[PDB]
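Enquirer: Here is the input, now give the coordinates:
(2 chains)
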There are 2 protein chains.
Amino acid sequence: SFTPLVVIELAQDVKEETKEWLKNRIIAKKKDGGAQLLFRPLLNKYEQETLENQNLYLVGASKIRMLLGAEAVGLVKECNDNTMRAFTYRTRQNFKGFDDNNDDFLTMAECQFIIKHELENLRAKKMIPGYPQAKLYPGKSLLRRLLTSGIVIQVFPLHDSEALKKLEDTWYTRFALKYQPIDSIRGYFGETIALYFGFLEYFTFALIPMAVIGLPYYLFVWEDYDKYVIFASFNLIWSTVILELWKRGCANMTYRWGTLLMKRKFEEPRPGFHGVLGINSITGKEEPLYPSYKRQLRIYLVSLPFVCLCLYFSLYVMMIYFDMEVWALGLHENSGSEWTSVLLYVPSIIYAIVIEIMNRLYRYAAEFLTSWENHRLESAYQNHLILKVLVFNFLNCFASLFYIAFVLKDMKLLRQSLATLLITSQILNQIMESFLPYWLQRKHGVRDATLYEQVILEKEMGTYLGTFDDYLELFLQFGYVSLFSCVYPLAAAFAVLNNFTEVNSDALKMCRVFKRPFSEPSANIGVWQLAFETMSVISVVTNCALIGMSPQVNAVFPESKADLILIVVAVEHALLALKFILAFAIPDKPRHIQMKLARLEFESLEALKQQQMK
Amino acid sequence: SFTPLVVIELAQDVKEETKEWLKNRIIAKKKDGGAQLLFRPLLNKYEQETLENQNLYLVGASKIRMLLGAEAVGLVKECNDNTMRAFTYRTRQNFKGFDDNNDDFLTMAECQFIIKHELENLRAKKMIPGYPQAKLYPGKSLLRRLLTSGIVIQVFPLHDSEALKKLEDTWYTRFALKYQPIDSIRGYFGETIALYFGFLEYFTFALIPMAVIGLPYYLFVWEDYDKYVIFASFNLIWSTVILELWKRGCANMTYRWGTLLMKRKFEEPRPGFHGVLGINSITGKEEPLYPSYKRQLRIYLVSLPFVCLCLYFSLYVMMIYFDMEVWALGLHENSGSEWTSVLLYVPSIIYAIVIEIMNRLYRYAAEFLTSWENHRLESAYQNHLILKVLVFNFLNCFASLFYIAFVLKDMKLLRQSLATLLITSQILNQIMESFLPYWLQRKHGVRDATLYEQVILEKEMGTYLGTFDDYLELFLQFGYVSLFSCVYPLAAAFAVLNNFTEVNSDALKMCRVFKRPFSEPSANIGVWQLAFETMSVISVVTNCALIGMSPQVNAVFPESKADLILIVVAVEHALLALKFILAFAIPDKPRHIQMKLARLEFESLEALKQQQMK
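Expert: Numbers count the residues shown, from 1 in each chain, chains lettered A, B, ... in the order given. Right below this line is the structure:
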């Protein structure tokens, strides 16, 4: 009679012995090598209608069990003295907002995170009973072998239809401007989804000065007087400021949530690293082992030539597009003027569609090529995949702008091509990401019952595939903003007016489109902070090269273009030095957050002294 | 009847009440707020001859006390399973090389470090008894108020004349080439002095390829064929390799010694930060407080203009030297050729003496200006002093080479001036640092008795003022090597042949010149790693600017010097990127050291799981 939080769906062809052994490995207590979780079928009785739903199981626990599970996970909650400490059952009266009659203290996400962590840390100590090919060993996780061998079909947490609606009431900003409730988003969806929406809320409120400056700069032709130099330098400094204020805002949020203080959990091998069984050198346990030189050979002799081949084909399609552009320019030169200006925006649109096709095609190819190299952890696997996808997306997005700026050197054609590329890529992004899937979701949607209808609905819901495309879009948004801020700053507003929909659209995507994602703790954006800083470092060189190519600055040095290049290279190195000087001088965390972390450190040092003295 | 390790010399005008209270605060046990150290006068009886030595006291302890003090300090020793763990008395049988009859387990340096740490962590819980002006408060260290108020004259550890000689037998490499015993140096002098000698042993074995290549490059005129491009690029890559291999070698040494695993101790306020007494916000104790904005005002409005004024006077003396150089060149143009070539090396020698005067003059000025800003810790105070001294020493050493290379652009005069500046600075360094003081030390030296003679000798010995000048010399050695490796690579051998004496000379300086230094733990060189990396980053730009100025490469692009500058700036940014790519790709610690640290981390995680399960 408990409250269901997570639904586990087994497969169809699962024998009874594996079912009873798993149920005996689920219901048994934590000291007997079980998990001491409340277990239930989807229906206590069954008829001929629900026989195809006989593998859905409900998992809960009791409050002291969940509190002990919060102790086992290592949740960092606030104490009564406004300090974020780890949760322990012996010191449980010290924490802020804790009563003995409060069922709203640990949220359902943390409980589902704890239940996922208790299902994840449930290892078996030679085969799965009932299945021959399910190769097990002592020290192997049960959930990994049940997921990979096709016994457990899906494990999904449950949406709360009365707390999602009270979130949806404050999420859809259909009336006017409104601060997004990132903390309630956090309390319902974990910290990783909130970090994506927090980075998006930060990136929305960091292109607003760019949009506000660039709004009279585009209608009124004020591109003549400052010539995009003040705003681009301001943008790049603001990007450095925002990449520190994102770090500041992430420190503010993750101190307010506690994930600034959560320790680095030791990472299990990722689902799909297979080798031969042996003794792990680091941990001393038994694990599959793969030689690192074979993996490094499979990377640095197979993956890198494949990435280079895809880069060469992207450059070849880029050169094909420029031959088509010159032919269309000749076709515009041939026929006329009235109907031959709109035809010039078509091949860049066609190239953008081919870019958005090649990006998805490369995404399948990079996923296959990185799941084949047998990476051990998931962070390293994610980093290599992020590296491959970032390289291809940078190249596919900025090759035409680099070819326009540094080979053709034609700012009028650069203004036309940058505006056409940015708006069409943004429109195709908004069409292929959410708008065409929302109509299909509306079409698919048009096509104890409160749980079974929900479980049937969440069986066929979509899974959340991480915040990677949503950061890649922001990376490409940051690419469209900072790379070509010189010829067309108004496009930044066309990004913000996209993100002002995307903030709605992703919210709808979290509300009526997907299943409930599993809660994942994250203290920062990860390598995306480095990627945005690398973008902000590349944009320094790009902004200075756009400074160092105008006819206004070249009018200062009309005859000697060898001192202009030297001064520009000196300014570029000075800008690189000032960016690095700003990055080394500004501390990441503020003073009082550092003082609070120092107090938490000093308390541990005083705890060590008391533990030494006894 | 104990063994004396550290001698404390009180002042003359010290009343008996302060003496008896300190002796009662020394002899009393650790639970009664004392230190439980064996205390002794220098002489149990006194005659009229030794009445002026009545303030010398001997401090020791017993073995279990020293083991408990090693537990209290947190020494990291090797276990029986070849693992470096912290020393505890309950697990004391686990550690490598430990018997119950071994007096050679804890060295005298660690015992003196423990005795210094026990004298340092001995706080009083309103005035010093007998002295009115000695302003005390509960929570204030006794040794700091006894040192600053002139009651304790000096506290010095004792040299071991039979282990220094067995060190001196293996230190003076008077016969031939020999690996310096850095571990025995470590076991006698602590890890900081060994880290200086380890960095010097590394820097000696990293200029040997530079010297070996540059030795036939100078006698046989092979400067024509490669023109210093291969060796300088190799040197800068080697400097990056050596700044990683210093990190590798420091990781190897500090894992072999244990200081890679020692935790960061919380830093007390430095001796000389005075404010008003109040509640410390971080620790919660009672401390003197100073407002940070007043300190930041005293820095950024007084110190930085003073540094700028000293930099302007250094530039003015540099410009004065160049006017003297042009006048002397005209004087060489006037008189003749035979006696007018040696006169050209005199003003650079005079400028070098003025540089070595201005560096010492700036050192007094920077010490005064940084002890006046009331810095709280000693690391921040040392970092600001290191920042000021590095800026002035970089400017005073490389201004003439930058003015020769990028303003006069005369490589023949650059070769002559760089060779003359390097050799004269090295000769004046070897004269003013050790050679003239060794003769004066020989002169001063020519001018239970085994302890009293030693204590009288160590009363008048010199104190070791840290490894700062000895790193500044290496920084200037690295400056003379990597900044002007193009016009004169043979000077690197003249550095190595200096360091081959300096390795002897500093050893003599540690053997027959100074008092025994207090043992100081250090895990790295500190900010000097960043300084050498910043030097290795600056030397990238300098080597490429020396590549981009020769007539050999300019013969490739005779007419278009605007594409040469663009290619050189692209090569410079590529070299900066490759240096940063090499710095981000190469891990600091090796694999097995990381595995051993991971095992020590995994053992703590397993300890946490067992502490959670009970």
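Enquirer: all contacts plus neighbour counts: C-alpha atoms, from now on.
Expert: Will do.
Enquirer: for the stretch 1-150 of chain A, what spans make up the helices?
Expert: In the stretch 1-150 of chain A, the segments counted as helices under DSSP state H, counting those that start in this stretch are A:16-27, A:63-73, A:108-120, A:142-148.
Enquirer: which one of the ones you listed is the most hemmed in?
Expert: Using mean count of other Cα atoms under 10 Å in any protein chain shown, the stretch among the helices of the stretch 1-150 of chain A with the largest mean neighbour count is helix A:108-120, at a mean of 21.
Enquirer: Buried ones in the host helix or strand of residue A:351, by neighbour count?
Expert: Secondary structure assigned from DSSP states H and E places residue A:351 in helix A:346-371. In terms of neighbour count (16 or more other Cα atoms under 10 Å in any protein chain shown), helix A:346-371 has its buried residues at A:347-349, A:351-353, A:355-356, A:358-359, A:362-363, A:366-367, A:369-370.
Enquirer: And those residues, which two are furthest apart?
Expert: A:347 and A:370 (32.8 Å; Cα to Cα).
Enquirer: ranges for the helices of the stretch 301-450 of chain A?
Expert: Using DSSP H, counting those that start in this stretch, the helices found in the stretch 301-450 of chain A span residues A:304-334, A:346-371, A:378-403, A:411-430, A:436-446, A:449-459.
Enquirer: Give me the contact list for the fourth one.
Expert: Outside of helix A:411-430, the residues within contact range by Cα atoms under 8 Å, 6 or more residues apart in numbering or on different chains are A:345, A:348-349, A:352-353, A:356, A:401, A:404-405, A:473, A:480, A:484, A:487-488, A:491, A:494-495, A:498, A:502.
Enquirer: repeat that with 6 Å
Expert: Applying Cα atoms under 6 Å, 6 or more residues apart in numbering or on different chains, the external contacts of helix A:411-430 come out as residue A:487.
Enquirer: before we move on, back to that, tell me which of the buried residues of helix A:346-371 is nearest to residue B:592?
Expert: Residue B:592 has its nearest neighbour among these in residue A:370, at 26.1 Å by Cα to Cα.
Enquirer: Can you classify residue A:559 by secondary structure?
Expert: coil (DSSP: H, G, I helix; E, B strand; the rest coil).
Enquirer: Now for it, how many residues are close by?
Expert: By other Cα atoms under 10 Å in any protein chain shown, 10 other residues sit near residue A:559.
Enquirer: rewinding a little: closest to residue A:553 among the buried residues of helix A:346-371?
Expert: Ranked by distance to residue A:553 (Cα to Cα), the buried residues of helix A:346-371 are led by residue A:348 at 29.9 Å.
Enquirer: how close does that closest one get to chain B?
Expert: 30 Å (Cα to the nearest Cα, to the nearest Å).
Enquirer: what does chain A have sitting close to chain B?
Expert: Contact residues (Cα under 6 Å from any Cα of the partner chain) of chain A with chain B: A:282, A:562, A:595, A:599.
Enquirer: Can you lay out those as a markdown table showing secondary structure?
Expert: Shown next, in a markdown table, are the residues of chain A next to chain B (three-state DSSP):
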| residue | secondary structure |
| --- | --- |
| A:282 | coil |
| A:562 | helix |
| A:595 | helix |
| A:599 | helix |
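Enquirer: filter those to the buried ones?
Expert: Burial by neighbour count, 16+ other Cα under 10 Å: within those this picks out A:562, A:595, A:599.
Enquirer: who touches residue A:95 in this structure?
Expert: A:78, A:79, A:80 are the contacts of residue A:95 under Cα under 6 Å, 6+ apart.
Enquirer: and residue A:6, how many residues sit next to it?
Expert: As a burial measure, residue A:6 scores 24 neighbours (other Cα under 10 Å).
Enquirer: returning to what we had before: mind putting the contacts of residue A:95 into CSV with neighbour count?
Expert: Formatted as CSV, the entries for these read as follows, by neighbours: other Cα atoms under 10 Å in any protein chain shown:
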residue, neighbour count
A:78, 21
A:79, 19
A:80, 13
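Enquirer: contacting residues for whichever residue of the stretch 501-614 of chain A sits closest to chain B?
Expert: Among the residues of the stretch 501-614 of chain A, residue A:562 lies nearest to chain B; the distance is 4.9 Å by Cα to the nearest Cα. Going by Cα under 6 Å, 6+ apart, residue A:562 touches residue B:562.
Enquirer: change it to 8 Å
Expert: Shown in contact with residue A:562 (Cα under 8 Å, 6+ apart): B:561, B:562, B:565.
Enquirer: For my notes, please list these in CSV and give distance to residue B:122 for each entry.
Expert: Formatted as CSV, the contacts of residue A:562 follow (distance: Cα to Cα, whole Å):
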residue, distance to residue B:122
B:561, 69
B:562, 68
B:565, 63
